[PDB]
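# Observations on the three-dimensional arrangement
One letter stands for each residue in the lines below.
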Amino acid sequence: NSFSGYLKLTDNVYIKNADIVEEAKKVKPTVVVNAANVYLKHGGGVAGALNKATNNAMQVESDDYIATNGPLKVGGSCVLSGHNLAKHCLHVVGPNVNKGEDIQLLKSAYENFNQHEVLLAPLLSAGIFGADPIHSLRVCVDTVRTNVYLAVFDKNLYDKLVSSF
Ligand SMILES: Nc1ncnc2c1ncn2[C@@H]1O[C@H](COP(=O)(O)OP(=O)(O)OC[C@H]2O[C@@H](O)[C@H](O)[C@@H]2O)[C@@H](O)[C@H]1O
């Protein structure tokens, strides 16, 4: 967990303008967080970038998990292998606001972070799921008490997050 280049937002929340995949390769963290859907079908955001960097090992593992356990609940999580990127991957499902799911479930989603002392993580629901990224950062800051290192790839979004925080 050797995190460098992060801006301190609060006592336990840090942020960097970086690709979460490149951070995982540099830091080799204990836990990397995936912004997942309930079926762990890894799509066009963080999930697909993580999966591609595991040369699809993550998706094969995820498919087997889902065949046994069924879908996650919105706001829920599961711990699977981090493969070559981390010791563990915490797959967390934020609400899909674009499909009408309750934004209030973003609190429950971030509560999953508290089971791990330190995490490399993205802003949940703030991309393909359509939540306000500024709001997602606020919920993270208010909800997570363990040490979270947030990686935000889009510099325009990063600058707006830091400015309004
Ligand atoms: N490689 C990346 N590194 C860092 N941040 C990233 C990266 N790619 C996207 N982001 C940012 O991470 C945040 C989360 O975006 P998404 O990954 O799209 O996550 P979410 O909004 O929760 O959507 C989940 C959905 O997207 C699919 O990838 C996934 O399978 C699920 O269906 C957003 O702020 C987005 O700009």
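Sequence positions in this view are assigned from 1 along each chain in the order the sequence is written. Entry numbering can differ, and residues without coordinates are absent from the display. Excluding hydrogens and water, the side-chain values take into account all heavy atoms of the structure.

Under the PDB entry, the name given to the protein is Non-structural protein 3, and the organism recorded is Severe acute respiratory syndrome coronavirus 2.

Throughout, exposure labels follow a simple rule: accessible area from a 1.4 Å probe, protein chains only, divided by the maximum for the residue type, with under 20% read as buried, over 50% as exposed, and the rest as partly exposed. Strands are runs of DSSP state E lasting at least two residues, helices are runs of H or I lasting at least four, and both sets are numbered from the N terminus onward. With four of its five residues buried, strand β5 (residues 88–92) lies for the most part within the structure. DSSP calls a pair of strands paired once it identifies at least 2 bridges connecting them. As paired strands, strand β3 (residues 31–35) and β5 are joined by five bridges and run parallel to one another. Counted as the bridge partner of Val 33 is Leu 90 from β5. As defined by bridge partners, strand β4 (residues 77–81) adjoins β5 across five bridges and the pair is classed as antiparallel. In the strand pairing of β5, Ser 81 is matched with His 88. Taken together, β4 and the strand that follows it, β5, pair antiparallel across an intervening segment of six residues, in which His 83 is found at a positive phi of about 55°.

Another point: the packing of aromatic side chains. Remark: the centre distance and the inter-plane angle together describe each pair of aromatic rings, the angle taken between the planes. In this analysis, rings of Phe, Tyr and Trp, with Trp reduced to its six-membered ring, are considered paired at centre separations within 6.5 Å, and the interplanar angle assigns stacked below 30 degrees, edge-to-face beyond 60, and tilted for intermediate values. Under the counting rule described, the total for this entry stands at five aromatic pairs. Seen in terms of ring centroids, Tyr 14 and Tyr 149 are 4.7 Å apart; in terms of plane orientation they differ by 15°. Their pairing is stacked. Here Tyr 14, found in strand β2 (residues 13–17), pairs with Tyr 149, found in strand β7 (residues 147–152); they are 135 residues apart in sequence, far enough to count as distant. Exposure class is identical for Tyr 14 and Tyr 149. Each is buried. In textbook terms, an aromatic cluster arises when at least three aromatic residues are bridged by ring pairs, as seen for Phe 3, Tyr 6, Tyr 14 and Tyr 149.

Summary of the distance rule: residues count as near a molecule or strand when at least one heavy atom falls within 4 Å of that molecule or strand. Around the ligand, 21 residues are found, and the nearest of them are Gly 45, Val 46, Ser 125, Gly 127 and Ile 128. Side-chain atoms alone can form a polar contact between residues adjacent in sequence; in general such a contact is a pair of N or O atoms within 3.5 Å, and within protein one must be able to donate a hydrogen while the other accepts it. Between a nitrogen atom of the ligand and a side-chain N or O atom of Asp 19, the distance comes to 2.9 Å. For the ligand, an oxygen atom lies 2.8 Å from a polar atom in the backbone of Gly 127.

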